[PDB]
Each structure stands twice: as C-alpha cells, then as structure tokens.
C-alpha cells in the first residue's frame, strides 16, 4: 500500500490496441518506434492519488508496494475518459474560412487553445471532436513503483 500524498517515483508502459503509445523507458521507446527526442525519459515523480496520472493508475498505485510491478487494464472512464458527445461540436465552415483555415476531414485544429479533430464537413457544417485522442479507448499499462520518497 502507498498512502495518498506520498511521493513516489514510477515507471510505466502504456498500450492501446496492443501497441505501445507511451513509456518512461527510452530504450523501449526506440525499440517500439515511439522515441521522442523532446521527451525526458526515466521514472516520473508523483504524489500518490493526487491526479498527476490517469485515474486508474493512481488507483493501482495506492494498492501497490514499493518495488511492485503490475499490469493494469483501464476502461475509458479510468483512462483518457469516455468519448463525450458534448465535446463533439458543430461549427460553421464560414468561421474557419474567415480565419484562413481550410477545414479537412481528419485534420487536427485548435480553437482557443483546445485541440479538436474534424469528423466531417457537410453543407457548411464542420463537426469537430474535441475529446482526447484516446477517449473511449481501453488502455493497458505496466506500472512499477521504483521508490517511495519518505
């Protein structure tokens, strides 16, 4: 068990549809072809149960021992969230063209700093999904508590 608020350093590998999409392990990232030169790899310091990681990860961490490694399967609600219909919004084509942006199906756009993916364009109506890319997805993580500070 790890008490809520306790500083812990964790390592993790995250998978969606059987594919690694995130990892603290630089070597694994290169091996799996997701290495990002702009990312700082290595264990991540969190406070246990304080919401710095996905809800289901925080939940698992509180149950875990220092040095424990386990795998966890998280439903959307405990991962990147359910795909919320209220975040899928209709916007006039007119407003994109006014702003010199050509809407294209599949294109990621940013409104007021918020990223959104264009679902469709039909008769001047642009449907944009502002949900997280992985919303509605089951994810699987390997997670290890490397150390507890305190």
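Numbering follows the first chain given and starts at 1.
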(request) Output the stretch having the higher mean C-alpha B factor in the entry; the candidates are 94-102 and 119-127. (result) 94-102
(request) May I ask you to compare 110-118 and 24-32 by their mean CA B factor in the entry and name the higher one? (result) 110-118
(request) Taking the chain's C-alpha temperature factors as the reference, tell me which third residue 39 falls into: lowest, middle or highest. (result) highest
(message) Ranking every modelled residue in this chain by its Cα temperature factor as given in the entry, which third contains residue 132?
(response) lowest
(message) Split into thirds by Cα B-factor across the chain's modelled residues, where does residue 145 land: lowest, middle or highest?
(response) lowest
